[PDB]
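In order, the protein sequences belong to chains A and A'. A prime marks a further copy of an entry chain.
Whatever position you read off the first sequence (first residue = 1), add 2 for the entry's author numbering.
Whatever position you read off the second sequence (first residue = 1), add 2 for the entry's author numbering.
2 protein chains.
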Amino acid sequence: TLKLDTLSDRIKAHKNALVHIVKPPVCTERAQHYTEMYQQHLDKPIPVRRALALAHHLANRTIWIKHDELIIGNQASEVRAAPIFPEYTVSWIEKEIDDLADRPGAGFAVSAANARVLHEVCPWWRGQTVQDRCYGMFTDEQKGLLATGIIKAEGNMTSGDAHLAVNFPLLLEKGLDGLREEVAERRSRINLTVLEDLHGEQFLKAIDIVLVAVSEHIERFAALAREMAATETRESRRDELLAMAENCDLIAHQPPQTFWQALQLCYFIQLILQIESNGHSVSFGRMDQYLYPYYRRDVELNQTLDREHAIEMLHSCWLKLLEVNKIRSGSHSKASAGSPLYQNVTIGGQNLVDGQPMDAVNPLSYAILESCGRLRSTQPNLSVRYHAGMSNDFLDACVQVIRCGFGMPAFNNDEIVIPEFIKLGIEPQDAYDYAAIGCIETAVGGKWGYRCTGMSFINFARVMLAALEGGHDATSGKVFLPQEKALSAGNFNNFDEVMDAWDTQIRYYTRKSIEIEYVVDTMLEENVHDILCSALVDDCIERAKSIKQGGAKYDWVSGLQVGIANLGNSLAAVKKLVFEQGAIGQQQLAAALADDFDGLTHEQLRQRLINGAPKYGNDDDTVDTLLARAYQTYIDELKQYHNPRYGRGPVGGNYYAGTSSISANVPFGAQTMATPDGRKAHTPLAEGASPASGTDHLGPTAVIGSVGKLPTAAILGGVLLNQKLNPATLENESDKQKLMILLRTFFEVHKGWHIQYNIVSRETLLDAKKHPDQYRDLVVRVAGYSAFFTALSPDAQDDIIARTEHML
Amino acid sequence: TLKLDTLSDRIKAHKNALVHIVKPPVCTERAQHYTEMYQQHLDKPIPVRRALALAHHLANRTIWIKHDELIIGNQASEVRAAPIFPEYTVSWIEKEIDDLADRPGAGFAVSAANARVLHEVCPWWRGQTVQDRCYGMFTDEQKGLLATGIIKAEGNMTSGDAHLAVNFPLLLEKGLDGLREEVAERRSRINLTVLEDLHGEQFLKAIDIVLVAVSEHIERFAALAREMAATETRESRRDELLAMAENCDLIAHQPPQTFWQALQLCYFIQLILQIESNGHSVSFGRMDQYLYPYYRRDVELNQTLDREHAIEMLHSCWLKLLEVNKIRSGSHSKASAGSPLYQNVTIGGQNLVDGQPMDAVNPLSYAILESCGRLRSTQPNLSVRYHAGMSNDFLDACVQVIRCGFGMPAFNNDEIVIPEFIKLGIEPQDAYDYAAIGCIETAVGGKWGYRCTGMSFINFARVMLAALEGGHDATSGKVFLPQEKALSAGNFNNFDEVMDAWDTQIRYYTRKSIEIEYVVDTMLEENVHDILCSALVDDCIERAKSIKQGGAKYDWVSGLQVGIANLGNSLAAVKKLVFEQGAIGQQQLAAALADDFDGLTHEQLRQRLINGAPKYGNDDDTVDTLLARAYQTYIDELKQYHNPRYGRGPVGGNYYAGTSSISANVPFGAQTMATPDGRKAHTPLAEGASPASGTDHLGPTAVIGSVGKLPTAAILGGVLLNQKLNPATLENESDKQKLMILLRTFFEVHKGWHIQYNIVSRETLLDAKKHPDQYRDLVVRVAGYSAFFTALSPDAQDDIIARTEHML
């Protein structure tokens with residue numbers, strides 16, 4: 003039984019201050035400092051240059067302590083300001099600098115002074131950004147493809163990688179000084195007449211520079227806590243500032259001793275990771291595991307910390323996570339509705355103890371789950387690892403928080419992840435220690451490279467349209483892979499030849515997508531080393547190189563395949579109504595597609611495509627297994643490739659499939675013409691691996707049956723299942739045991755990847771669209787993450803409103 | 003019987019024009035163009051950027067045809083102008099820009115316009131040069147060492163590498179178009195989802211850009227030959243311009259057909275190598291071998307070319323080689339007296355034909371040797387490969403040209419090079435095909451990396467002084483390796499402990515010298531790829547990477563060890579007069595050294611050190627073998643290291659020893675305090691492996707006996723033996739057979755590396771110092787190369803005058 007409605011006035015005030023910043027500012031301090039240090043340290047090796055950049059910026063940037071917070075450390079000069087990261091790109095910044103205030107769902111306030119700084123700073127970076135260096139190396143074919151949008155790698159060319167959890171256990175065990183000794187021991191083995199050691203030494207030096215800077219930065223906050231306390235009238239707050247300054251002094255160097263110390267050190271690293279890099283889905287991993295030793299002592303064993311005060315510490319941290327901000331281009335913002343950072347916290351699961359699995363749920367799991375239920379913030383992205391031996395008590399507490407209406411927790415599934423991770427070659431103890439990263443993707447926190455998911459996007463719908471029409475992409479007018487068969491030519495002899503054309507086209511776009519990733523990953527590898535992040539991932543220090551160079555113990559990545567339901571639904575309709583029945587002719591379908599189903603005749607055809615052929619999500623094998631078979635081609639193609647770190651250190655070095663495409667369904671649909679499932683041109687595609695909205699008519703159990711027929715084991719980037727309920731459907735205990743049995747059957751029987759529940763009423767979302775000043779704290783689940791509804795663009799809002807409402 | 007006194011009026015006029023340019027100009031066209039293209043192509047990979055730089059510069063630079071030359075292609079805008087190469091360094095340029103006209107022996111004329119260009123161009127390069135990037139990576143210890151001058155790598159930090167011969171046979175066999183097809187075939191095997199191929203493709207693309215640019219550049223000269231012919235009044239010259247334009251059009255694409263075509267293509271590559279890079283000792287290799295097929299057809303078989311006209315073609319080429327110029331810093335110019343480019347031409351030797359050696363001397367060998375005797379220019383640096391089966395006829399022709407007084411030919415020795423190259427693992431056919439490079443060093447032309455010699459300089463004398471005195475370097479006052487024993491402390495128990503201190507100190511400076519080379523080589527590797535040069539060396543195209551990245555079939559390098567005679571002479575004196583005799587005390591010697599032998603007492607001590615202990619070069623085993631034993635420590639130390647290309651492609655990847663230090667003996671001596679061989683502080687050290695001047699009193703046969711006792715097989719960078727004769731000593735046929743027998747005994751019996759003869763009178767060099775406008779064509783041999791005496795600084799002049807005059 004959880005108390006999920008109580009918040010301290012400290013937390014309420016802080017939380018309310020954050021939710022009411024609706025046009026957050028842009029901070030340019032980091033952009034200035036990195037430009038200054040790049041210019042003065044042009045002679046240094048890039049990782050050393052980048053280390054000196056971070057050191058300079060930390061020592062000279064604006065720091066502060068606000069809202070009487072118990073966890074300190076600001077990302078930028080102003081509250082919720084987005085720093086600027088010019089080394090990735092300045093292209094969209096120079097184009098959009100005057101027009102940032104009014105981008106729908108992605109508006110930022112650029113002060114006139116900050117506008118002037120950016121106009122001095124940005125021209126220097128031209129030619130030197132990751133994105134420019136990508137275009138300096140792309141072939142013309144690769145450039146053409148990217149220009150269409152059929153393949154996209156915008157999130158990789160304009161941002162740091164992130165999409166991982168660092169080794170928080172190592173950090174807590176050694177402290178910063180013990181990492182320094184680790185680095186020193188490793189440099190003691192450098193032989194400067196060995197080429198690899200010459201390079202390793204430069205990277206190890208950079209790590210040491212950064213560790214020193216982090217130690218000094220924590221001390222800088224300790225000194226700030228003291229100076230503020232000397233002018234703090236309220237006694238109680240002043241004792242807090244003192245204890246924090248005391249705590250900072252310790253964690254600046256030594257392994258933390260108290261739970262409050264351990265959390266602050268973890269947050270410090272979490273924050274500085276997102277100062278040295280704007281990569282998102284920086285994730286905490288299994289915090290209920292590696293923070294439990296401190297919780298057990300402070301809260302249970304020595305009872306020197308009140309469990310209510312511990313929850314108050316967590317709340318302070320969560321609000322700091324909401325403070326983290328990130329600005330994106332106009333285009334990429336549409337694919338990330340709600341300005342998300344995707345900072346994941348994993349709880350639950352199991353532990354491999356002496357070769358025997360054991361439930362990992364503990365009181366900290368409960369206290370974390372409860373702290374999130376009380377706070378109902380979009381950060382952290384709370385993920386529960388389900389397993390068969392997870393208790394009804396804990397699973398009930400989870401549903402109690404699902405009831406609170408902010409979309410959390412979501413569920414990953416040990417019953418699929420651990421067996422498949424072990425199959426890949428991950429050491430079983432490590433596989434049992436996996437975390438959620440960002441949204442639904444999974445990795446072994448602290449031992450894995452970047453991007454378990456987040457590599458290039460392929461628009462499956464547009465590739466399919468091209469396969470039905472001579473390789474012609476109607477959006478761009480290009481034919482990247484010519485083929486003779488086309489509906490407009492009526493020269494398809496049977497549906498098998500349509501599948502051939504799908505197979506042939508998707509084999510082409512997959513190869514080109516890997517070629518493009520090779521360019522981007524390599525430009526990132528050479529230009530934007532993450533020093534702190536590498537330092538905190540096995541085994542970068544020992545190997546003396548960055549994560550992107552092969553430093554991580556494990557390296558597997560996935561891209562995102564967009565338009566899943568649309569691919570299956572479209573093939574199933576042309577298979578049935580064109581080929582199995584002759585009810586619709588090839589030239590007739592093609593004319594309706596080129597026309598966007600215009601006119602009452604084509605509109606009747608369209609409605610026949612919509613309702614006279616089966617749709618993914620109704621437990622109909624004829625469409626579900628056709629979708630799996632279409633996807634299987636892409637999955638098989640992936641097997642012939644290796645990722646760029648292959649053979650350079652990590653286990654694996656391979657690709658697998660992924661469907662966590664966030665809100666890319668909306669802009670990807672915008673550039674997708676009409677499709678044979680009856681979808682109108684420019685309208686959203688389906689999101690994730692969810693059924694197309696309004697096509698799933700046989701209830702949620704039919705949905706999870708369809709989803710289970712995908713090749714989940716090959717889609718280790720994650721199969722995203724959204725689901726929407728009206729609050730009344732979850733009001734009763736028998737409604738609760740209903741949902742619980744549905745979860746366990748999904749995970750234990752269907753081996754499903756993931757589920758998340760939206761509990762919201764169609765009236766609430768309509769009213770909030772009308773009066774946003776009222777629901778500034780209303781949180782809605784989008785695709786893998788939750789967001790503030792009033793902070794979404796109307797386009798993104800209506801996509802949520804258009805989603806199926808299901809009944810248990 | 004050679005006609006060595008005849009020159010055409012064409013050649014005389016051209017030669018006289020060149021010798022009378024005494025303050026050559028600086029050209030800034032290349033510096034502008036490389037700056038422009040680096041700036042516009044910041045987004046391209048460095049080899050692609052550098053390829054586009056060369057393409058831009060070739061297409062836009064000033065070209066011309068002058069002096070009615072038969073071989074065309076200018077290096078810079080003005081005759082004998084030195085281009086400027088900012089990517090290596092702009093440090094000495096910014097310091098010395100206003101003071102270049104009056105550097106003794108290294109004066110250049112910088113027009114006011116060119117001064118303005120350099121002042122705009124150079125600041126951009128700060129932080130981005132090879133030299134700046136070296137100092138961005140050196141440890142403090144490495145920086146301190148370099149600041150003393152005890153180790154020097156100035157020629158590597160401020161210049162391209164060169165020091166090789168490209169694969170002229172491959173060039174002649176395929177032509178430019180066939181190289182293009184080779185590149186295309188190789189790119190056809192690039193897989194852009196394989197990391198190594200991604201990088202290989204960038205390098206292959208750069209090569210193709212450059213090949214295209216060279217083809218277009220040859221066509222640009224063809225068009226210039228035509229435009230000039232249309233305004234050429236003299237019929238005969240106009241037919242020449244036409245034939246050349248015709249020849250250029252062919253060699254711009256196809257394998258050359260005529261000897262005149264083959265020579266011009268070879269020169270075109272020789273010239274453009276020294277436009278893309280200012281590295282010197284760019285060498286032609288065995289031109290008498292790979293040009294013979296064309297000579298045999300045009301001159302002997304079809305008699306369509308007069309052998310006198312062929313010699314006239316060679317002469318035109320040689321004068322183009324003299325046109326090539328290069329400016330150096332004030333400091334490094336003192337180590338390279340006479341503005342030398344060291345463009346070597348190897349003739350003679352043998353050929354491994356079906357496993358059987360065969361004399362390689364042919365009519366082209368004779369015609370080349372004769373053309374150099376007639377011209378008496380400092381370029382090319384003509385080198386004969388002696389072998390036991392070399393004829394008396396050819397060896398007589400060689401001595402006939404030695405008689406002409408310009409220092410050439412010098413001799414390398416197959417009897418030592420081939421056995422030792424094969425011992426290294428060089429394929430026997432390749433070992434038999436070796437060439438001279440630059441001065442005395444040797445390599446397999448077309449298949450070898452850069453720097454057979456030319457890596458870091460170590461001052462052996464200063465290391466020895468530090469070994470006699472606590473590790474203290476008296477010039478700098480530093481103690482890089484402290485030791486307890488010091489003459490000033492009189493705490494040496496015996497001479498064996500002095501050798502221990504030598505061994506210990508030189509082991510330290512050798513390691514540091516390799517550490518420094520690792521930094522410099524790596525900064526060169528990453529920043530200044532040579533595209534054309536790599537393209538023309540096995541196996542860079544196949545491996546798809548630069549020479550500096552491991553592209554070459556063979557890779558061995560050597561540094562330069564300076565003060566050879568001084569090391570042996572100094573140890574032998576302290577061994578005998580301090581330790582074996584007690585005639586001189588430890589504190590007494592140290593006080594005289596710290597005093598620079600000042601006062602009549604210390605001057606008497608000094609004369610006892612000079613003449614009362616044996617000197618290297620008198621065939622005295624007690625000093626000669628002590629020198630060999632001292633050097634042997636350095637040679638053994640080298641065995642524990644690998645050069646940076648080791649394991650990255652080439653056979654070998656190792657170091658050996660080298661003594662071709664050019665004129666570094668003079669500035670190295672300037673920074674060497676007094677030494678126990680009686681040498682005064684700041685005075686020259688001995689050059690190469692030559693006896694200290696005036697210490698060799700028992701004639702030339704005693705000199706070659708001393709030299710032969712060095713470990714020649716371990717000094718594959720070359721053992722430099724200068725020797726000076728008065729012209730009268732070579733006047734008679736019995737004086738000739740004398741010298742010939744001395745050569746064969748040196749090479750066949752003593753296995754000597756090299757010999758070169760100066761035939762000049764002490765009166766001539768004195769008169770020329772007084773009246774230089776008279777002897778502008780007087781050539782003197784310095785150390786491995788010949789130079790114009792009137793173009794030397796007084797310091798360098800007197801070092802030549804101070805050399806021993808020997809009698810046969």
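Every residue, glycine too, gets a C-beta built ideally from N, C-alpha and C.
Are the C-beta atoms of residue i and some chain A' residue less than 8 Å apart?
i: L323 of chain A; result: no
i: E517 of chain A; result: yes
i: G129 of chain A; result: yes
i: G680 of chain A; result: no
i: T524 of chain A; result: yes
Nearer than 7 Å: is that true of the beta carbon of residue i relative to any heavy atom of the ligand GDP?
i: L20 of chain A; result: Although the ligand GDP was asked about, the structure shown includes no ligands whatsoever.
Residues in its own chain within less than 7 Å of residue i by CB, not counting five upstream and five downstream?
i: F748 of chain A'; result: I706, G754 and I757
i: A630 of chain A; result: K711, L712 and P713
i: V284 of chain A; result: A164, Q272, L275, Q276 and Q345
Is the shortest distance between the beta-carbon of residue i and the beta-carbons of chain A less than 8 Å?
i: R188 of chain A'; result: no
i: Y510 of chain A'; result: no
i: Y452 of chain A'; result: no
i: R513 of chain A'; result: yes
In the DSSP assignment, find the alpha helix (DSSP H) that holds residue i and state where it starts and stops.
i: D134 of chain A; result: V132 to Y137
i: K726 of chain A'; result: Run containing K726 of chain A': none in the alpha helix (DSSP H); it sits in the beta strand (DSSP E), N724 to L727.
i: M501 of chain A'; result: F497 to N529
So what does residue i bridge to, in DSSP terms?
i: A15 of chain A; result: DSSP output for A15 of chain A lists no bridge partner at all.
i: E471 of chain A'; result: A':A488
i: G350 of chain A'; result: A':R387
i: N415 of chain A; result: A:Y388
i: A630 of chain A'; result: Paired residues: none, contrary to the question.
i: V781 of chain A; result: A:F790
Can you name, in chain order, every residue of its own chain whose Cβ lies under 8 Å from the Cβ of residue i, other than the five neighbours on each side?
i: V112 of chain A'; result: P27, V28, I99, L102, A103 and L120
i: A399 of chain A'; result: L4, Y368, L371 and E372
i: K480 of chain A; result: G146, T150 and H474
If I measure Cβ to Cβ from residue i and keep anything under 6 Å in the same chain, skipping five residues before and after, which residues do I get?
i: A231 of chain A'; result: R240, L243 and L244
i: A108 of chain A; result: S335
i: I586 of chain A; result: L579 and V580
i: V465 of chain A'; result: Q507, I508 and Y511
Considering just the uninterrupted stretch of the beta strand (DSSP E) at residue i, what are its terminal residues?
i: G654 of chain A; result: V653 to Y658
May I have a chain-ordered list of the alpha helix (DSSP H) segments no shorter than 4 residues that lie completely inside the segment 236-294 of chain A'? 237-253, 261-278 and 289-292
3 or more residues per run - each beta strand (DSSP E) lying fully within the segment 398-469 of chain A: At a cut-off of 3 residues, the continuous stretches assigned as beta strand (DSSP E) that sit fully inside the segment 398-469 of chain A are 412-415, 437-439, 443-445 and 459-461.
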